[PDB]
Each structure stands twice: as C-alpha cells, then as structure tokens.
Amino acid sequence: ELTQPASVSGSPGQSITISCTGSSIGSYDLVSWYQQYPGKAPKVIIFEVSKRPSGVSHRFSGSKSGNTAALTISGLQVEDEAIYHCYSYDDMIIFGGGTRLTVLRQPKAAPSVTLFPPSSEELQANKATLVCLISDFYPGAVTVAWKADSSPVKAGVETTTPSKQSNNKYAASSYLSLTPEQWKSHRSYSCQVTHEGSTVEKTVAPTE
Amino acid sequence: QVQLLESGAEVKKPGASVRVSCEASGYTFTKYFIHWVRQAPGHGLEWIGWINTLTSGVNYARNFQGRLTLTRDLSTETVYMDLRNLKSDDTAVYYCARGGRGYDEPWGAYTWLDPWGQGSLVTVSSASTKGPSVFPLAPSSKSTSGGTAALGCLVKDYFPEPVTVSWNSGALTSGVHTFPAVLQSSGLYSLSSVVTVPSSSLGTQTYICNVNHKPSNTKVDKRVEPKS
C-alpha cells in the first residue's frame, strides 16, 4: 500500500529525499514520517504532510505531490542515521517498509561472500543447508537473492539483519534450507549479494 | 514527562495468548487514544488496534477481530493488550503509542502517534529449550586471502540464545568469526562459526569447534575434516 525504498545513503552536509508512494497519499493530508534509532521506539518528526513537531531540527521537511510523499533532510548530520517510516491512512493506520538511512562515515566497501555447500553428513541425514556468509560491507544494507541454476529461489530463505563488526563494517548471514533431492537435482546454486549498486555472487555445485 | 512504559519480553508457545501492559504517566490519561503497533524483524510497522481510554471503546484491524482484546484501567492509567491464538508470525516487538489530538476530532487518533513505549518483544516459538545439531563446513580457499582456507561449523536449530563457539579449546583465536544467529520461522536459531587458517595446515593440524549451549546443557566438539 505504501512503497518506500529499503536503504538510502548520503554523505554529511549534503541533502537527500526519501520517497513514499501510495494511493492513500493523494486521498488525505495525513502522511507522516517516523524516525527510529536501533533498539529504540519510532518518534514522529513530520506529521500532516509538512508540519514539524517542536523540538525537531528544522532540517527535516516534508511534502507530497500526487501519490508520492517525500521527506527531505538538508545538511545531513551523523545523528540522522536511522530508520525512517512513512505513515498514512487507508481504512486503518498503515506504514511503509522503512528506509535505512546511513550517513557515510567511511568509504563504501563491497562485501566479502563465502558460500558453503551442504555437508555430506547433513545430506545423508535427509537435510540440506546452504550457508552464505557476508562480511566487511559498508553501509550495513544488502539484499540477498538465491538462485537455483538461474531461476530465483524465495522458499526456504532465512537472512539476518546486518550487525556491526569491530571495524565498523557489517556482517550478515543467509541460509537456504533445501531438500537433498532439490540439491542434487540442479546444476548449481548461487548466493547473490547486492550492495550499493554492486553485486557479489558465489556459486556451488553438487558435483564438488 | 510524557511516558509510556511497557512490560518485559515474553516467550509463548503457539496457540497460547499473551498480555502486554502499557503504563501511562505525565498527561491526562483519558484525553488520548492508546494505539498498538507491532514490528516484526525486517518488516514494516503494522497497526493492530486502538482503545479510547475514556470510554474503553476499541477498534481493531481486520486481521485481529476475534483474537485481540484491548482494555484500560482508569485508576492505574494502564492499557492492556491481550492477543490470543498466537502463531509463529506473531513474533514482533509490540509498541503502545499515544494518539494525537484526542476523542474530539474524527481523525483525532490519526494525527500523530507520540510518544511510543519502549516496546515489548514477544517471541512465539513451538520449541522448548533445544540443543543444536552441529555440522562441518569443509575448508574452502575461494573467498579467503592467498594461502589460507576458511572452515567452520554450522550450529543448526537450537533454542534459546546464547551459544558460544571456540576452536581447538581456545588455542585457535585469530581468524575466528562467529556470525550472529538467524531466528528462523521455525522459532529456532542457527549460526555459523568459521576460521581462516593456513591452507598448508589442513593436512596436518586438527580443527575442532567447541559449541556450548548452556540452556540445554549441550556441548559438542565437532572435528572439521577436509573433503579429500
């Protein structure tokens, strides 16, 4: 119902805009924006399209055009790093997916990906788990896609949220649970990690 | 000053029910709605219902009429959320939030939601305490620096956290990366622990991951052999 981007990136001092689009945006003038730091509760920073609560930095500002609302952060500062949710109403309170905004504090770094096939022990036990370990990527925002041969695979995928390493890059894991037949039946399986417009793909075949 | 305070985290079996409280303070309890919004990990916030703290009138989301019950206690200024017939997809952080403006406007609950309680984590898992299955991750030099190989252990299906992993009884520490666990839809955790070691030692040095799951009193020393 409400569509907003998963992750956004911007350097300090510059400006950027997060877009939220939905049929409910044009209907009412209730679209709002909520800021959420990790481990804490969301907080309103823009409501009724463009109104700003007292105590909120004046750098935040909102607007809408047609069925697309927009939150604009001018003079980006480090404490703006957070999740920003859009809020509207369509026969009930409804929210977007949330946008992870990262204030770049180091160079964008692509992930290292390590892909393990199922253990022969696990296979002989009538189970199969492909393990895709992702590390050393900044910012902490990736999308993982599993492919059987070339066909995408959505069923059986379990992926963690990124976690901050000691070098302040991020790590994450994705697991593809598989039937032994499914594993032996295909030429290969691939773990595709997209990150900041770049992609890293590792592939394993049952004949290895 | 204006504060909403929720109860602690909960762990429930499927089919059970859970009661989360929300203690208000610093404002006229009966002038503002109390909404309830949950946040499943890696998902968008979802509204489930509000209660008029003055009249006790309620309004739930379509997916919750029948299994949800919101009540209010005027004397303790507390709202309670009762969710029945818990499924595994009910796992989420549950927030309460004050409804902006009040019971005077038609959209007097949908103006702004502020403040929010700190949230209460509810975890629906069919699993009582359970020890892990540990499988070997055979060495692979494909995505490691030159001359080294990555090997590890897959700690599959355990509950609850935590799990600790060492290698060779702690003698091997450099190159160890224990990744945070994933909470699967089954309600069970799984994690991996890998270690980058010299590729020449594979045929000489023994590599054992020492997994310790104290909740289930389970310990596993899994030797990781190379696949010749």
# chains A, B, ... in the order shown; residues from 1 in each chain; ligands from 1
$ interface_residues --of "chain A" --to "chain B" --cutoff "7 Å" --atoms "only C-alpha atoms" --output "list in words"
residues 30, 40, 41, 42, 43, 44, 47, 48, 93, 94, 95, 96, 97, 98, 113, 114, 116, 119, 122, 158, 159 and 160 of chain A
$ atom_distance --atom1 "atom CA of residue A:14" --atom2 "atom CA of residue A:57"
15.5 Å
$ residues_around --residues "residue A:137" --least-positions-apart "2" --cutoff "10 Å" --atoms "only C-alpha atoms" --output "VMD selection string"
chain A and resid 107 to 113 134 to 135 139 to 142 162 164 to 165 168 to 172 195 to 196
$ write_last_selection --atoms "N, CA, C and O atoms" --output "tab-separated table (two decimals), in the first residue's frame"
chain	number	residue	atom	x	y	z
A	107	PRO	N	34.54	4.99	3.46
A	107	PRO	CA	34.27	4.64	2.05
A	107	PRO	C	33.32	3.46	1.95
A	107	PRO	O	33.41	2.50	2.72
A	108	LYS	N	32.40	3.54	1.00
A	108	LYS	CA	31.58	2.38	0.67
A	108	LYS	C	32.48	1.19	0.38
A	108	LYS	O	33.42	1.28	-0.41
A	109	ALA	N	32.20	0.07	1.05
A	109	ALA	CA	33.01	-1.13	0.93
A	109	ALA	C	32.12	-2.30	0.54
A	109	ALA	O	31.13	-2.59	1.22
A	110	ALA	N	32.49	-2.98	-0.54
A	110	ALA	CA	31.71	-4.11	-1.01
A	110	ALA	C	31.92	-5.32	-0.11
A	110	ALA	O	32.94	-5.43	0.57
A	111	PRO	N	30.96	-6.25	-0.08
A	111	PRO	CA	31.06	-7.39	0.83
A	111	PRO	C	32.00	-8.47	0.32
A	111	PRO	O	32.19	-8.66	-0.88
A	112	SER	N	32.59	-9.19	1.27
A	112	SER	CA	33.20	-10.48	1.01
A	112	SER	C	32.15	-11.55	1.27
A	112	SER	O	31.47	-11.52	2.30
A	113	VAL	N	32.00	-12.48	0.32
A	113	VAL	CA	30.98	-13.52	0.40
A	113	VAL	C	31.67	-14.87	0.39
A	113	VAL	O	32.55	-15.12	-0.44
A	134	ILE	N	28.38	-13.20	4.77
A	134	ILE	CA	28.66	-11.90	4.16
A	134	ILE	C	29.30	-11.03	5.23
A	134	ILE	O	28.82	-10.98	6.37
A	135	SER	N	30.38	-10.33	4.86
A	135	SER	CA	31.14	-9.57	5.84
A	135	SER	C	31.81	-8.38	5.18
A	135	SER	O	31.96	-8.31	3.95
A	139	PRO	N	27.74	0.71	3.59
A	139	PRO	CA	26.94	0.65	4.82
A	139	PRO	C	26.33	-0.72	5.09
A	139	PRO	O	26.42	-1.62	4.25
A	140	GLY	N	25.72	-0.88	6.26
A	140	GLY	CA	25.08	-2.13	6.63
A	140	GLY	C	23.71	-2.29	6.00
A	140	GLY	O	22.69	-2.22	6.69
A	141	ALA	N	23.69	-2.52	4.69
A	141	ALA	CA	22.43	-2.70	3.97
A	141	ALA	C	22.73	-3.49	2.70
A	141	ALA	O	23.40	-2.98	1.80
A	142	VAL	N	22.24	-4.73	2.65
A	142	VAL	CA	22.38	-5.59	1.48
A	142	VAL	C	21.06	-6.29	1.23
A	142	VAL	O	20.22	-6.43	2.12
A	162	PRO	N	21.82	-6.98	9.29
A	162	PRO	CA	23.26	-6.72	9.44
A	162	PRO	C	23.61	-6.39	10.89
A	162	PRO	O	22.80	-5.82	11.63
A	164	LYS	N	26.97	-4.86	13.33
A	164	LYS	CA	28.19	-4.07	13.21
A	164	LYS	C	29.40	-4.86	13.70
A	164	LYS	O	29.41	-5.36	14.83
A	165	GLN	N	30.41	-4.97	12.84
A	165	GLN	CA	31.68	-5.58	13.21
A	165	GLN	C	32.50	-4.61	14.05
A	165	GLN	O	32.08	-3.49	14.35
A	168	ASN	N	33.67	-1.52	12.19
A	168	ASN	CA	32.51	-0.68	11.89
A	168	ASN	C	31.90	-0.99	10.53
A	168	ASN	O	30.92	-0.33	10.15
A	169	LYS	N	32.44	-1.94	9.78
A	169	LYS	CA	31.69	-2.54	8.69
A	169	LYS	C	30.68	-3.52	9.28
A	169	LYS	O	30.58	-3.67	10.50
A	170	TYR	N	29.92	-4.20	8.42
A	170	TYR	CA	28.81	-5.01	8.88
A	170	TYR	C	28.91	-6.43	8.32
A	170	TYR	O	29.52	-6.66	7.28
A	171	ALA	N	28.30	-7.36	9.05
A	171	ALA	CA	28.25	-8.76	8.67
A	171	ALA	C	26.80	-9.23	8.68
A	171	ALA	O	25.95	-8.67	9.37
A	172	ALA	N	26.54	-10.28	7.91
A	172	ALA	CA	25.21	-10.86	7.83
A	172	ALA	C	25.33	-12.28	7.30
A	172	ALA	O	26.36	-12.66	6.72
A	195	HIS	N	24.70	-4.75	-3.14
A	195	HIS	CA	25.13	-3.77	-2.15
A	195	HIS	C	25.54	-2.49	-2.87
A	195	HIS	O	26.53	-2.49	-3.61
A	196	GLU	N	24.79	-1.42	-2.65
A	196	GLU	CA	25.13	-0.10	-3.16
A	196	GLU	C	25.38	-0.15	-4.67
A	196	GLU	O	26.38	0.36	-5.18
$ residues_around --residues "residue A:193" --least-positions-apart "5" --cutoff "7 Å" --atoms "only C-alpha atoms" --output "PyMOL selection string"
chain A and resi 142-145+199-201
$ residues_around --residues "residue B:164" --least-positions-apart "3" --cutoff "7 Å" --atoms "only C-alpha atoms" --output "number ranges by chain"
B: 211-213
$ write_last_selection --atoms "N, CA, C and O atoms" --output "mmCIF file, in the first residue's frame"
data_model
loop_
_atom_site.group_PDB
_atom_site.id
_atom_site.type_symbol
_atom_site.label_atom_id
_atom_site.label_comp_id
_atom_site.auth_asym_id
_atom_site.auth_seq_id
_atom_site.Cartn_x
_atom_site.Cartn_y
_atom_site.Cartn_z
ATOM 1 N N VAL B 211 31.281 -26.109 20.656
ATOM 2 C CA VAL B 211 29.997 -25.430 20.785
ATOM 3 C C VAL B 211 29.437 -25.723 22.168
ATOM 4 O O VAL B 211 29.402 -26.883 22.600
ATOM 5 N N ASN B 212 28.996 -24.676 22.864
ATOM 6 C CA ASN B 212 28.443 -24.797 24.209
ATOM 7 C C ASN B 212 27.084 -24.110 24.230
ATOM 8 O O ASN B 212 27.000 -22.888 24.074
ATOM 9 N N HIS B 213 26.026 -24.893 24.414
ATOM 10 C CA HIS B 213 24.662 -24.381 24.540
ATOM 11 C C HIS B 213 24.216 -24.651 25.975
ATOM 12 O O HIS B 213 23.623 -25.688 26.275
#
$ select_by_dssp --residues "chain A" --states "strand (DSSP E or B)" --output "VMD selection string"
chain A and resid 3 7 to 10 16 to 21 32 to 36 43 to 47 51 60 to 65 68 to 73 82 to 89 93 to 95 99 to 103 109 112 to 116 128 to 138 143 to 148 151 to 153 157 to 159 163 to 164 170 to 178 189 to 195 198 to 204
$ write_last_selection --atoms "C-alpha atoms" --output "short mmCIF file (atom, residue, chain, number, x, y, z; two decimals), in the first residue's frame"
data_model
loop_
_atom_site.label_atom_id
_atom_site.label_comp_id
_atom_site.auth_asym_id
_atom_site.auth_seq_id
_atom_site.Cartn_x
_atom_site.Cartn_y
_atom_site.Cartn_z
CA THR A 3 6.09 1.88 -1.03
CA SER A 7 18.02 1.77 2.18
CA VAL A 8 19.41 5.22 1.40
CA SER A 9 22.95 6.59 1.63
CA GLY A 10 24.27 10.13 1.88
CA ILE A 16 18.68 13.86 0.15
CA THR A 17 14.99 12.94 -0.07
CA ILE A 18 13.16 9.73 0.87
CA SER A 19 10.08 9.00 -1.24
CA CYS A 20 6.94 7.17 -0.11
CA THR A 21 4.23 6.48 -2.69
CA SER A 32 3.71 11.38 8.34
CA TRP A 33 7.33 10.34 8.91
CA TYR A 34 8.72 8.49 11.94
CA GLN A 35 12.39 8.23 12.92
CA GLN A 36 13.67 5.11 14.68
CA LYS A 43 9.34 9.01 17.02
CA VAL A 44 7.32 11.47 14.95
CA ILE A 45 9.41 14.04 13.10
CA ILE A 46 6.90 15.10 10.40
CA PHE A 47 3.11 14.82 10.52
CA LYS A 51 4.12 20.01 9.99
CA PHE A 60 13.66 17.98 8.30
CA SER A 61 10.82 18.93 5.97
CA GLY A 62 8.01 17.07 4.24
CA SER A 63 5.92 17.43 1.09
CA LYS A 64 3.68 15.45 -1.23
CA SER A 65 2.87 15.55 -4.94
CA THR A 68 4.13 10.39 -3.61
CA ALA A 69 5.22 11.85 -0.28
CA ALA A 70 8.78 12.98 0.37
CA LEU A 71 10.93 13.57 3.45
CA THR A 72 13.87 15.92 2.85
CA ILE A 73 16.90 16.07 5.15
CA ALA A 82 18.20 5.79 11.46
CA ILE A 83 15.15 4.04 10.01
CA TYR A 84 12.50 6.40 8.60
CA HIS A 85 8.95 5.08 8.24
CA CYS A 86 6.12 6.75 6.34
CA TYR A 87 2.62 6.74 7.81
CA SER A 88 -0.79 7.19 6.18
CA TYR A 89 -4.41 6.02 6.43
CA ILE A 93 -3.29 3.19 10.09
CA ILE A 94 -0.77 1.83 7.58
CA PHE A 95 3.01 2.02 7.33
CA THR A 99 14.16 3.19 4.85
CA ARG A 100 17.58 2.55 6.41
CA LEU A 101 19.40 5.87 6.02
CA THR A 102 23.17 5.67 6.51
CA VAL A 103 25.32 8.77 6.95
CA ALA A 109 33.01 -1.13 0.93
CA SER A 112 33.20 -10.48 1.01
CA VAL A 113 30.98 -13.52 0.40
CA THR A 114 31.77 -17.10 1.40
CA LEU A 115 29.41 -19.87 0.27
CA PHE A 116 29.43 -23.37 1.76
CA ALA A 128 20.50 -29.65 3.31
CA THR A 129 21.54 -26.13 4.31
CA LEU A 130 23.45 -23.74 2.06
CA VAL A 131 25.37 -21.15 4.07
CA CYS A 132 26.19 -17.72 2.63
CA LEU A 133 28.34 -15.61 4.96
CA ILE A 134 28.66 -11.90 4.16
CA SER A 135 31.14 -9.57 5.84
CA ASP A 136 33.07 -6.30 5.61
CA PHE A 137 30.40 -4.29 3.77
CA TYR A 138 29.61 -0.64 4.50
CA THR A 143 19.78 -7.61 -0.39
CA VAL A 144 20.37 -11.34 -0.81
CA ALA A 145 19.00 -13.37 -3.73
CA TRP A 146 19.34 -17.15 -4.03
CA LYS A 147 19.29 -18.78 -7.46
CA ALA A 148 18.75 -22.42 -8.38
CA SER A 151 15.89 -19.47 -11.51
CA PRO A 152 15.29 -17.36 -8.38
CA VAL A 153 14.51 -19.08 -5.09
CA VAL A 157 15.49 -18.49 2.70
CA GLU A 158 16.45 -17.12 6.12
CA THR A 159 18.56 -13.96 6.29
CA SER A 163 25.34 -6.49 12.61
CA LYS A 164 28.19 -4.07 13.21
CA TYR A 170 28.81 -5.01 8.88
CA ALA A 171 28.25 -8.76 8.67
CA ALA A 172 25.21 -10.86 7.83
CA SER A 173 24.24 -14.45 7.08
CA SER A 174 21.76 -16.06 4.70
CA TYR A 175 20.63 -19.69 4.91
CA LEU A 176 18.87 -21.67 2.19
CA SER A 177 17.24 -24.82 3.57
CA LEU A 178 16.90 -27.38 0.81
CA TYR A 189 23.04 -22.84 -6.54
CA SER A 190 24.16 -19.23 -6.15
CA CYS A 191 24.16 -16.62 -3.39
CA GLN A 192 23.85 -13.14 -4.92
CA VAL A 193 24.54 -10.21 -2.58
CA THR A 194 23.61 -6.77 -3.90
CA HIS A 195 25.13 -3.77 -2.15
CA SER A 198 27.25 -3.58 -6.85
CA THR A 199 26.67 -7.33 -6.66
CA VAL A 200 28.82 -10.23 -5.48
CA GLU A 201 27.77 -13.75 -6.49
CA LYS A 202 29.21 -17.06 -5.27
CA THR A 203 28.16 -20.40 -6.74
CA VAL A 204 28.42 -24.01 -5.57
#
